[PDB]
Amino acid sequence: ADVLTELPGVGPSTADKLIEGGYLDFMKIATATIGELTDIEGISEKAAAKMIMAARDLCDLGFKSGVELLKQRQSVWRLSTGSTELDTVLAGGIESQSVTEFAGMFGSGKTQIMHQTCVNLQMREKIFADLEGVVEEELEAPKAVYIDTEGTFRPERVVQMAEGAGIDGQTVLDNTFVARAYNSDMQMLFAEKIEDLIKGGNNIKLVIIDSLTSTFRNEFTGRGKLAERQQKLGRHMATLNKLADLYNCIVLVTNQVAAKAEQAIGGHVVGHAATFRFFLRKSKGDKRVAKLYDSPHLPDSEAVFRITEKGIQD
Ligand SMILES: Nc1ncnc2c1ncn2[C@@H]1O[C@H](COP(=O)(O)OP(=O)(O)NP(=O)(O)O)[C@@H](O)[C@H]1O
Ligand SMILES: [Mg+2]
Ligand SMILES: [Mg+2]
């Protein structure tokens with residue numbers, strides 16, 4: 001919480017050395033390691049160790065029980081997908097503090113959903129938050145980050161969906177950051193640089209990686225390169241899960257499929273890292289089916305939706 005000097009043992013000099021290293025929030029320090037803190041100019045091990053324990057304490061990161069357990073869950077806000085049936089399967093909508101994955105064959109609607117969420121983020125009526133755990137100013141001027149790894153981001157579609165929702169398309173564009181990544185290195189670096197946007201005053205509440213695996217699959221083709229691929233993708237996923245928890249934001253990813261009748265690629269690393277996993281498939285015409293096949297507390301379920309000129313509906 002911005003004022004690091006409120007941390008016991010931390011004076012103005014230290015606070016400066018810290019912000020430089022990219023530490024501007026209590027939680028970031030509380031979850032750091034003595035190593036990464038000592039990597040900063042004149043921050044000793046004793047100090048590093050001390051502020052870490054102080055930050056944890058300040059954020060009250062201890063044992064919780066009873067009602068406190070429900071309170072923690074109230075800090076999770078949800079975003080509407082534009083589909084009633086889909087939102088119901090999600091038990092409200094897409095959850096912040098988690099990674100939700102949409103995998104499916106070509107044209108199943110993975111990118112459409114990504115675009116719709118950018119629009120919905122700009123409509124508070126589309127955001128469902130418990131006032132008892134999410135302060136309204138935490139939702140003010142929400143911004144989205146779209147890491148486009150295939151080059152399929154379409155400003156036109158965002159504007160069109162915005163119109164379809166009854167709001168200004170230019171407003172959505174002004175509040176949506178897009179980063180075109182040509183390989184996994186850029187993809188991962190962009191994800192890591194999202195912190196700079198937040199530090200810059202942007203309230204990043206939606207992070208989209210479309211596609212999550214296309215780059216990796218094309219860069220590590222040999223089966224004798226499976227381990228290589230998994231390790232890098234694993235670090236990427238960890239970065240994603242941490243920013244989702246740390247900044248109470250939604251992380252949305254898309255995934256392609258492969259035969260054996262099909263399954264999402266990315267291996268176990270993506271399998272374990274994603275909290276919610278969906279399989280998108282096409283039906284008659286503009287109809288689509290979204291099958292939730294993995295989550296920590298929701299049963300497997302299907303939702304029928306459509307992709308139209310307005311965007312996602314039903
Ligand atoms: N403006 C529009 N109006 C109505 N339908 C549209 C419009 N734009 C796209 N679609 C539909 O969206 C489908 C493609 O959605 P898309 O989100 O790109 O699929 P995808 O799963 O991400 N495929 P891919 O990127 O290859 O993996 C089309 O084939 C169109 O039927
Ligand atoms: Mg999480
Ligand atoms: Mg796509």
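Atoms considered below: every heavy atom in the structure, side chains included; atoms not considered: hydrogens, waters and symmetry mates. Each residue takes its place number in the sequence, starting with 1.
Between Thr308 and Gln313, the closest side-chain pair of non-hydrogen atoms falls below 4.5 Å. The closest side-chain heavy-atom distance from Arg288 to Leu280 is not below 4.5 Å. Inter-residue side-chain proximity for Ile94 and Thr117 is flagged as met; some heavy-atom pair is nearer than 4.5 Å. Between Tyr182 and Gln187 there is no side-chain heavy-atom pair separated by less than 4.5 Å. Using a 4.5 Å heavy-atom threshold, the side chains of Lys205 and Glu138 count as touching. Counting heavy atoms from C-beta outward, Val134 and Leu139 have side chains that approach closer than 4.5 Å. Between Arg124 and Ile127 there is a side-chain heavy-atom pair separated by less than 4.5 Å. Using a 4.5 Å heavy-atom cutoff, the side chains of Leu240 and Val253 are in contact.
Remark: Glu137 pairs with no residue by the side chain to side chain donor-acceptor pair (under 3.5 Å) rule, at least two apart or across chains. Checked against side chain to side chain donor-acceptor pair (under 3.5 Å), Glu68 has no partners two or more places apart in sequence or in another chain. Taking the side chain to side chain donor-acceptor pair (under 3.5 Å) definition, one finds that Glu95 meets it with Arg73, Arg78, sequence neighbours left out.
Applying side chain to side chain contact (heavy atoms under 4.5 Å, CB included) to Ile194 and the options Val251, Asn202, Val207 leaves one that passes, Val207.
In the hydrophobic clustering of this structure, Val99 does not group with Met114; members are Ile, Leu, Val, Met, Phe, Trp, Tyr whose side-chain heavy atoms approach within less than 4.5 Å, directly or through other members. Linking ILVMFWY residues whenever their side-chain heavy atoms come closer than 4.5 Å, directly or via other members, places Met161 and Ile167 in the same cluster. In this structure, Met123 is a member of the same hydrophobic cluster as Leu79, with clusters built from ILVMFWY side-chain heavy atoms closer than 4.5 Å. No continuous path of hydrophobic side-chain contacts links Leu252 to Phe177 [ILVMFWY only; heavy atoms under 4.5 Å]. Cluster annotation: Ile113 is connected to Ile208 through the hydrophobic network of ILVMFWY side chains, with a link wherever side-chain heavy atoms come within less than 4.5 Å.
Remark: the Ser184 side chain and the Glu219 side chain contain an N/O donor-acceptor pair separated by less than 3.5 Å. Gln97 and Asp245 form no side-chain donor-acceptor contact under 3.5 Å, judged by distance and modelled atom types alone. Using modelled atom types and a 3.5 Å distance limit, the side chains of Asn183 and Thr215 yield no donor-acceptor pair. Side chain to side chain, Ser83 and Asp314 fail the donor-acceptor criterion of an N or O pair below 3.5 Å.
Under the 30°/60° scheme for interplanar angles, the aromatic rings of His236 and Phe216 are found to be tilted. Between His115 and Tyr146, the two ring planes are perpendicular [angle over 60°; tilted spans 30° to 60°].
In this structure, the side chain of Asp210 does not engage the main chain of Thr111 through any donor-acceptor pair within 3.5 Å. For the pair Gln122 (side chain) and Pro142 (backbone), a donor-acceptor distance under 3.5 Å is present. Checked by atom type and distance alone, the side chain of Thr221 never pairs as donor or acceptor with a backbone atom of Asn218 at under 3.5 Å.
Remark: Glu101 CD to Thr213 OG1 distance equals 7.5 Å, nearest 0.5 Å. Rounded to the nearest 0.5 Å, atoms CZ (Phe276) and CZ (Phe102) are 10.5 Å apart. If you take CG on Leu212 and CD1 on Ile147, they are separated by 10.0 Å, rounding to the nearest 0.5 Å. In this structure, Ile34 CD1 and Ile43 CD1 are separated by 12.0 Å, a value rounded to the nearest 0.5 Å. Put simply, CG on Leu292 and OG on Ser301 are 7.0 Å apart, with the number rounded to the nearest 0.5 Å. Distance check, rounded to the nearest 0.5 Å: CD1 of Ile198 to NZ of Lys143 gives 11.5 Å.
Taking every heavy atom of both residues into account, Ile265 and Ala258 meet most closely at CG2-CB, 3.9 Å. Taking every heavy atom of both residues into account, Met237 and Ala273 meet most closely at CB-CB, 3.4 Å. Taking every heavy atom of both residues into account, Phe279 and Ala264 meet most closely at CE2-N, 3.6 Å. Between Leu86 and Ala290, the shortest heavy-atom contact is CD1-CB, 4.0 Å. The minimum heavy-atom distance between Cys118 and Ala144, with the atom names listed, is SG-CB, 4.4 Å. Considering all non-hydrogen atoms of both residues, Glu150 and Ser214 come closest at OE2-CB, 3.4 Å.
Salt-bridge check for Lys64 with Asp60: passed, with a basic side-chain N closer than 4.0 Å to an acidic carboxylate O. Taking the charged nitrogens against the carboxylate oxygens, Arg281 and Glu302 do have a contact shorter than 4.0 Å, which makes a salt bridge. Ion pairing of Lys291 with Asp300 is present here, as a side-chain N (NZ or NE/NH1/NH2) and a carboxylate O approach within less than 4.0 Å.
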With a 3.5 Å cut-off and sequence neighbours excluded, list the donor-acceptor pairs that the side chains of residues 2-25 form with protein atoms.
{"residue": "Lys17", "atom": "NZ", "partner": "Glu41", "partner atom": "OE1", "Å": "3.3"}
{"residue": "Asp25", "atom": "OD1", "partner": "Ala1", "partner atom": "N", "Å": "3.1"}
{"residue": "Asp25", "atom": "OD1", "partner": "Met27", "partner atom": "N", "Å": "3.1"}

Item to check | Check against side-chain hydrogen bond (donor to acceptor under 3.5 Å, both in side chains), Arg157 and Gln112 | outcome: CA-CA 8 Å; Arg157 187 55 167 152; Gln112 295 309 293; 2.8 Å; yes
Item to check | Steps toward side-chain contact (heavy atoms from CB on, under 4.5 Å) verdict (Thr171, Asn175) | outcome: CA-CA 6 Å; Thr171 296; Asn175 298 115; 3.8 Å; yes
Next on the checklist: Between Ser80 and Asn120, is the side-chain hydrogen bond (donor to acceptor under 3.5 Å, both in side chains) condition met? List the steps.
Outcome noted: CA-CA 7 Å; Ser80 180; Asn120 295 354; 4.6 Å; no
Checklist entry - Passes side-chain contact (heavy atoms from CB on, under 4.5 Å), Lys287 versus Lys282? Steps please. => result CA-CA 6 Å; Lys287 289 285 194 182; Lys282 301 207 285 184; over 6 Å; no
Item to check | Intermediate values then yes/no, side-chain hydrogen bond (donor to acceptor under 3.5 Å, both in side chains), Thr81 and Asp87 | outcome: CA-CA 6 Å; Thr81 63; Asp87 288 350; 2.8 Å; yes
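More than 12 heavy-atom neighbours from other residues, nucleotides or ligands sit within 6.0 angstrom of CD on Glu125. More than 12 heavy atoms of other residues, nucleotides or ligands sit less than 6.0 Å from atom CD of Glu36. For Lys46, the NZ atom counts as loosely surrounded, since its 6.0 Å shell holds 12 or fewer non-hydrogen atoms of other residues, nucleotides or ligands. Shown here is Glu140, whose CD atom has no more than 12 heavy atoms of other residues, nucleotides or ligands within 6.0 Å.
Under the salt bridge (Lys or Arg N to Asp or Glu O under 4.0 Å) criterion, the residue pairs touching residues 184-194 are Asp185-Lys232, with sequence neighbours excluded. Among residue pairs with one or both ends in residues 222-231, those qualifying as side chain to side chain donor-acceptor pair (under 3.5 Å) are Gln231-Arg235; sequence neighbours excluded.
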